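**Q** There's a structure below that I have some questions on.
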Amino acid sequence: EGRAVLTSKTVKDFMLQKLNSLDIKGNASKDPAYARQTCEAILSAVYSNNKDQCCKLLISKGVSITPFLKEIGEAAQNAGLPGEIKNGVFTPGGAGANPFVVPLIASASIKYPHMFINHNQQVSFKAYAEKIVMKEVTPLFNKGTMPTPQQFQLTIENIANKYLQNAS
């Protein structure tokens, strides 16, 4: 939106405008690498968010997310983003912190010092930021055989949620 208050989703709003004006697909249209590197890394973001979200509470139980990472690596293998594997475990190739949210959040970290001041706010900012791109990134998952962010996130979350509970 546009206003001298931008409250109720401020960055989220500017992040939303960026999200739309970032034209994740538009870049995928001009950049056949962008379309492919940010098509697997988006779901690799959920993959990592899964290892971030699941491991977050898991580091509290003293569990082992590696076996869970093995599961998101499945989705990360079946989704089309492979490239790493170890003791009976696999890791997705382009697995980072969301190539769409990185600069999206980088701009908002540069733009919104106030909202990004807290060490956990810019980290949480990218969490709902990888959720909006799913409205812009989903179309890159239309060409080929890629899973949707929500279909893949749930299947991933399903392993985060599986390791999430575990007696607790």
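Here, A, B, ... name the chains of the structure tokens in the order displayed, residue numbers run from 1 inside each chain, and ligands are numbered from 1 in the same displayed order.
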DSSP on the backbone: which residues in chain A end up as strand (DSSP E or B)? Give the answer as a count of residues only.
**A** 4
**Q** Could you check how far CA of residue 73 (chain A) sits from CA of residue 93 (chain A), in Å to one decimal?
**A** 9.5 Å
**Q** Find the residue from A:64, A:72, A:6, A:22 that sits nearest to residue 107 (chain A); use only C-alpha atoms when measuring.
**A**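 The shortest atom-to-atom distance to residue 107 (chain A) comes from A:22.
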**Q** Write out as a compact mmCIF listing (two decimals) with N, CA, C and O atoms, in the first residue's frame each polymer residue whose atoms come within 9 Å of residue 139 (chain A), counting only C-alpha atoms; drop sequence neighbours fewer than 4 positions from it.
**A**
```txt
# COMPACT_ATOMS: atom_id res chain seq x y z
N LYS A 25 9.13 -13.96 -10.85
CA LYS A 25 8.92 -14.68 -12.13
C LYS A 25 9.47 -13.88 -13.28
O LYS A 25 10.00 -14.41 -14.24
N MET A 134 5.69 -17.26 -1.79
CA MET A 134 4.91 -18.44 -2.26
C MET A 134 3.72 -18.01 -3.16
O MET A 134 3.20 -18.79 -3.93
N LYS A 135 3.34 -16.75 -3.11
CA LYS A 135 2.25 -16.26 -4.01
C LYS A 135 2.90 -15.80 -5.31
O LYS A 135 2.28 -15.79 -6.37
N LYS A 143 6.01 -24.58 -14.22
CA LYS A 143 6.78 -25.20 -15.35
C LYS A 143 7.66 -26.34 -14.82
O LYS A 143 8.32 -26.22 -13.80
N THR A 148 4.58 -27.15 -4.95
CA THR A 148 4.30 -25.76 -4.54
C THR A 148 4.93 -25.54 -3.18
O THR A 148 5.24 -26.48 -2.48
```
**Q** Rank nothing, just name the residue among A:78, A:21, A:124, A:49 nearest to residue 90 (chain A), using only C-alpha atoms.
**A**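 Distance minimum relative to residue 90 (chain A) lands on A:78.
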**Q** From the set A:140, A:76, A:3, A:50, which residue has the shortest atom-to-atom contact distance to residue 27 (chain A), counting only C-alpha atoms?
**A**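 Of A:140, A:76, A:3, A:50, the one nearest residue 27 (chain A) is A:140, counting only C-alpha atoms.
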**Q** Please provide as a ChimeraX atom specification all residues within 12 Å of residue 2 (chain A), with the sequence filter that same-chain residues fewer than 5 positions apart are discarded (counting only C-alpha atoms).
**A** /A:7,9-11,13-14,16-17
**Q** Could you take the residues named above and write them with C-alpha atoms, as a JSON list (two decimals), in the first residue's frame?
**A**
```json
[["chain", "number", "residue", "atom", "x", "y", "z"],
["A", 7, "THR", "CA", 1.05, 0.53, 10.13],
["A", 9, "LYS", "CA", 2.13, -4.59, 8.09],
["A", 10, "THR", "CA", 4.68, -1.86, 7.45],
["A", 11, "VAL", "CA", 7.64, -3.72, 6.13],
["A", 13, "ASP", "CA", 3.75, -3.94, 3.16],
["A", 14, "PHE", "CA", 6.90, -2.60, 1.63],
["A", 16, "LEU", "CA", 4.86, -7.06, -0.14],
["A", 17, "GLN", "CA", 5.29, -4.27, -2.71]]
```
**Q** Could you check the closest approach to residue 129 (chain A) for each of A:142, A:20, A:8, A:155 and tell me which residue wins, using only C-alpha atoms?
**A**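 For residue 129 (chain A), the nearest of the candidates is A:20.
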**Q** Write out as a tab-separated table (two decimals) with C-alpha atoms, in the first residue's frame the residues lying within 7 Å of residue 45 (chain A), counting only C-alpha atoms and excluding same-chain residues fewer than 4 positions away.
**A**
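Output (out37.tsv):
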```tsv
chain	number	residue	atom	x	y	z
A	41	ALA	CA	16.12	-22.51	-3.33
A	49	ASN	CA	13.35	-23.12	7.49
A	95	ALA	CA	19.93	-24.81	0.02
A	96	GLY	CA	20.31	-21.32	1.51
A	97	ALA	CA	18.04	-18.85	3.34
A	98	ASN	CA	15.57	-18.06	0.47
```
**Q** Using DSSP on the backbone coordinates, identify the residues of chain A assigned to helix (DSSP H, G or I); present them as a ChimeraX atom specification.
**A** /A:11-22,24-30,34-61,65-78,101-111,113-116,121-136,138-141,149-164
**Q** Got a sec: who's within 8 Å of residue 104 (chain A), counting only C-alpha atoms, leaving out chain neighbours fewer than 5 positions off, as a list in words?
**A**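 So the residues in contact are residues 15, 18, 19 and 129 of chain A.
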